[PDB]
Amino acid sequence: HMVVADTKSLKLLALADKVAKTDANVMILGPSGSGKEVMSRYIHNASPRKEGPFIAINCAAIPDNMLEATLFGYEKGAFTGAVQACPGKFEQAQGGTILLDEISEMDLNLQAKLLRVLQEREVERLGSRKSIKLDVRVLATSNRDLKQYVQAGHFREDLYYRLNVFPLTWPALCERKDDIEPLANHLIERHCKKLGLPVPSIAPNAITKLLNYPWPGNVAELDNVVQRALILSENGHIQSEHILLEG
């Protein structure tokens, strides 16, 4: 789960705890990453719905234009290709929490649909006129200023406010450098756990080399550098020579 050390991150987890015990929609802003989903589950496991299902969907990763079809579901013959009936992600997240990752990639028409789901607390599959009563807690993320996206006319203003009741800005890695070392060691361990290998120590100069890199790719880039260093050290003591950043 969430492993931090920087004071700004600790403050952000503190806020995450306050909103967790409620049913408010959480908007996780900041650069795109995987932490956002690490917090989403954290919020879930801290919410009164910890035993409920946790469903995640990335609105910027679904090919063949099946974002709409995945969210709301569809009946047999709702569109060219719909060979079967299929429950939406909202249905699978009944009594639990759904995560709409990268929500800023929804077209204006899809937002108008999503708005109705939030308002009516009911969902209807594509090609269906039957509504489904919904008890689902909604989380969402965005790597861009939604307020300006509303101004640009690419996002609904009404939907914007309904989702920004409790925004949390999960910052880049360079703005929380105290998180780098705990995160680095965490990646080393979980990768050693995959292969039954003992976790190796990490050199001081290696750490200093990591702390002083701006990390434009954030956690995703850190995971690469670490995994790369583990290859170089052959799962052994990693030193500054094993740390190859874009420098």
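Just count from 1 along the sequence shown to find any residue number.
- As the entry records it, the average C-alpha temperature factor is higher for 182 to 190, out of 60 to 68 and 182 to 190.
- A summary of the deposited B-factors shows that, of 149 to 157 and 75 to 83, the stretch with the larger mean C-alpha value is 75 to 83.
- Residue set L211, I28, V219, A46: peak C-alpha B-factor at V219 (per PDB entry).
- You'll see in the entry that, of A20, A14, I238, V225, the Cα B factor peaks at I238.
- Among the modelled residues of its chain, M39 has a C-alpha B-factor that falls in the middle third, as given in the PDB entry.
- When all modelled residues of the chain are sorted by CA temperature factor, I202 is found within the highest third.
- When the CA B factors of the chain's modelled residues are split into thirds, the value for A112 lands in the highest one.
- Among the modelled residues of its chain, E175 has a C-alpha B-factor that falls in the highest third, as given in the PDB entry.
- For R144, the recorded CA temperature factor ranks within the highest third of the chain's modelled residues.
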